[PDB]
Amino acid sequence: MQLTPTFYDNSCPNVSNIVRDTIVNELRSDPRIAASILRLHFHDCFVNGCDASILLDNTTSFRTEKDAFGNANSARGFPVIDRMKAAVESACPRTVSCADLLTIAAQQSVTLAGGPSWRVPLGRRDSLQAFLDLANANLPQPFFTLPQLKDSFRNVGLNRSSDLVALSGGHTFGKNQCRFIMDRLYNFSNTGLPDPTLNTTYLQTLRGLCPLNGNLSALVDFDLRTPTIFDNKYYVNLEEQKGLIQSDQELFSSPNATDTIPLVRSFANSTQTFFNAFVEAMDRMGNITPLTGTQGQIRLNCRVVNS
Ligand code: HEM
Ligand SMILES: [Ca+2]
Ligand SMILES: [Ca+2]
């Protein structure tokens, strides 16, 4: 069954409004929640598609994706999803799936952070199991080279370099742990030297935030220009070699970036171009192997399968 943006227009026309309100209140006490929710949707879609499998807690039969290298002590905002889920369930009993709910939450997060506004396709249903192993194999790592980054995206169904470059724009806000850049700052690829593609002036700043043998869990902003605003500044940083993690700067500095370089500049020069590309890429990621029709179910508690 084809996904459609009007899927809940009769059964729950206030779904997006409820999701938005939940995020608006949360943002007052946690300005990071918007970035966190977008990332949860990303991690959900890259593992067996956008089926809310990532929201599932542990069971004696299958392990939770929350303990995957890419989610453990990293992914956050799960309680917030439960909150909007409960609210939507009150307004529309057994109607909105967790998969669709997370997709909407991601879209609203982007808009609330100042990003584009659009209606995401709906009609996805919830999985009957979680996929820890698949999450460890599919979720890309900050130390991936451009070829590996491209491979990771193609693996889940995104062949276009525009998908990678546009979706990587999600780093226009949010936090990153010192842990993932220690190598770039003091010993990149066993050279005993910092990553040469990292601006030397910025290198000094990052070294002060992440000293050697310091707190590896300390947080740093992905975008030094506008840490919490969803804009194309992320790409301007790349042009000046100010991308935060290796996977960011390679989109512009990798020897295999002949196709990504023009895309980075394109999005850097025009907000509209980036926003259009971001929306397009987001809907493509949102269309990865979804469960539709009668497949899967409408989970009442996103943490457990219905019984
Ligand atoms: C191209 C591959 C990518 C890699 C290797 C990558 C890597 C990372 C890493 C290492 C973190 C920091 C986690 C932590 O410190 O706990 C992170 C955070 C984040 N990423 Fe990415 N990422 C990628 C793609 C994306 C995509 C496609 C999106 C969404 C469109 C996204 C959205 C985010 C957000 C918003 C955060 C901040 C989360 C928060 O502050 O809670 N990332 N990413
Ligand atoms: Ca999933
Ligand atoms: Ca920004």
Side-chain angles (χ1 to χ4, degrees), residues 30-56 65 68-77 80 98-99 102-103 106-107 109-110 113-115 124 126-127 129-132 134-135 138-146 148-153 156 158 163-181 216-237 243-248 250-251 260 271 274 278-279 281-282 284-286 288-291 296:
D30 180 9
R32 182 187 183 190
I33 189 59
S36 299
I37 287 179
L38 167 64
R39 191 189 182 210
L40 286 180
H41 175 61
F42 161 43
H43 281 195
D44 174 27
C45 297
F46 261 56
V47 185
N48 202 58
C50 324
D51 57 5
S53 65
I54 185 176
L55 300 178
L56 293 173
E65 288 167 40
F69 300 114
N71 293 311
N73 188 46
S74 189
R76 64 194 298 286
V80 179
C98 296
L102 184 58
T103 302
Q107 179 270 125
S109 290
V110 171
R124 309 182 189 65
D126 306 325
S127 66
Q129 61 195 326
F131 314 85
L132 180 52
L134 193 62
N138 289 5
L139 294 180
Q141 303 268 277
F143 52 72
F144 275 11
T145 63
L146 187 52
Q148 299 179 302
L149 287 169
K150 293 177 173 180
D151 286 349
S152 177
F153 272 54
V156 294
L158 300 169
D163 301 316
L164 173 59
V165 181
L167 291 169
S168 284
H171 287 164
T172 183
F173 65 172
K175 302 285 180 172
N176 170 78
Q177 294 176 63
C178 280
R179 188 197 316 291
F180 306 123
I181 60 170
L216 304 181
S217 297
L219 301 172
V220 175
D221 305 308
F222 264 100
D223 176 359
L224 75 169
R225 283 186 155 76
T226 53
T228 67
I229 298 176
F230 194 96
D231 49 11
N232 75 333
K233 297 301 180 183
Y234 161 86
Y235 303 96
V236 176
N237 303 330
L244 186 57
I245 56 179
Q246 172 172 176
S247 53
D248 283 327
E250 294 185 314
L251 296 177
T260 56
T271 289
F274 166 50
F278 185 73
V279 173
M282 280 291 288
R284 276 165 52 73
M285 177 180 74
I288 296 177
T289 65
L291 295 179

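Positions are given from 1, in the same order as the sequence printed here. Only this structure's heavy atoms are used, side chains among them; waters, hydrogens and symmetry mates stay out. Counting starts at 1 for both ligands and their atoms, following the listed order.
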Q: Considering only heavy atoms of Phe173, which atoms of ligand 1 have at least one such atom less than 4.0 Å away?
A: 35 (C)
Q: Any atoms of ligand 1 less than 4.0 Å from a non-hydrogen atom of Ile245? List them with their elements.
A: 7 (C)
Q: Main chain of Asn48, side chain of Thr289: is a donor-acceptor contact present, judged purely on distance under 3.5 Å?
A: yes
Q: Give the residue and atom name of whichever protein heavy atom lies nearest to atom 41 (O) of ligand 1, and the separation in Å to one decimal.
A: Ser36 OG, 2.8 Å
Q: Run the numbers for me: atoms of ligand 1, each under 4.0 Å from some heavy atom of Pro140, listed by number.
A: 2 (C), 3 (C), 5 (C)
Q: I'd like to check which ligand 1 atoms, numbered from 1 as shown, lie under 4.0 Å from a non-hydrogen atom of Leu164.
A: 1 (C)
Q: Considering only the protein, which heavy-atom contact is closest to atom 30 (C) of ligand 1, and what is its distance?
A: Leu167 O, 3.2 Å
Q: Short of 2.8 Å from atom 21 (Fe) of ligand 1, name each protein N/O/S atom, waters not counted.
A: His171 NE2
Q: So is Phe153 close enough to ligand 1, meaning a heavy atom under 4.0 angstrom away?
A: yes
Q: In the protein, how many N/O/S atoms are under 3.0 Å from the Ca ion (ligand 2)?
A: 6
Q: For the Ca ion (ligand 3), what is the number of protein N, O or S atoms at a distance under 3.0 Å?
A: 7
Q: Might you point out which heavy atoms bring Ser109 and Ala34 nearest each other, and give the distance in Å?
A: CB-O, 3.3 Å
Q: Hey, does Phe144 sit under 4.0 Å from ligand 1 if you only count heavy atoms?
A: no
Q: Can you tell me if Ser152 uses its side chain to pair, donor with acceptor, with the backbone of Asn138 under 3.5 Å?
A: yes
Q: Any salt bridge between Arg76 and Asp30, counting N to O under 4.0 Å?
A: yes
Q: Write out the residue and atom name of the closest protein heavy atom to atom 15 (O) of ligand 1, then the distance separating them to 0.1 Å.
A: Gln177 N, 2.9 Å
Q: I need the nearest protein heavy-atom contact for atom 14 (C) of ligand 1: residue, atom name and distance, please.
A: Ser74 OG, 3.2 Å
Q: Between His41 and ligand 1, find which residue part has any heavy-atom pair under 4.0 Å and reply side chain, backbone, both or neither.
A: neither
Q: What residues form a ring pair (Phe, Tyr, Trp, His ring centres under 6.0 Å) with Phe278, not counting sequence neighbours?
A: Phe230, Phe274
Q: Would you mind listing which atoms of ligand 1 come within a distance below 4.0 Å of any non-hydrogen atom of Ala35?
A: 34 (C), 35 (C)
Q: Record the part of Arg32 in heavy-atom contact with ligand 1 below 4.0 Å; permitted values are side chain, backbone, both and neither.
A: side chain
Q: Taking everything shown except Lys150 itself, do over 12 heavy atoms lie less than 6.0 Å from its NZ?
A: yes
Q: For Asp223, does its backbone N or O pair with a side-chain atom of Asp221 as donor and acceptor, under 3.5 Å?
A: no
Q: How far apart are the closest heavy atoms of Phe143 and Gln148, and which atoms are they?
A: O-OE1, 4.3 Å
Q: Could you tell me which atoms of ligand 1, counted from 1 in the order shown, lie closer than 4.0 angstrom to a heavy atom of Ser247?
A: 4 (C), 5 (C)
Q: Taking a cutoff of less than 4.0 Å between a non-hydrogen atom of the residue and any ligand atom, is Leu139 in contact with ligand 1?
A: no
Q: Where the closest heavy atom to atom 40 (O) of ligand 1 is concerned, which of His43, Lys175, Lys150 has it?
A: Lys175
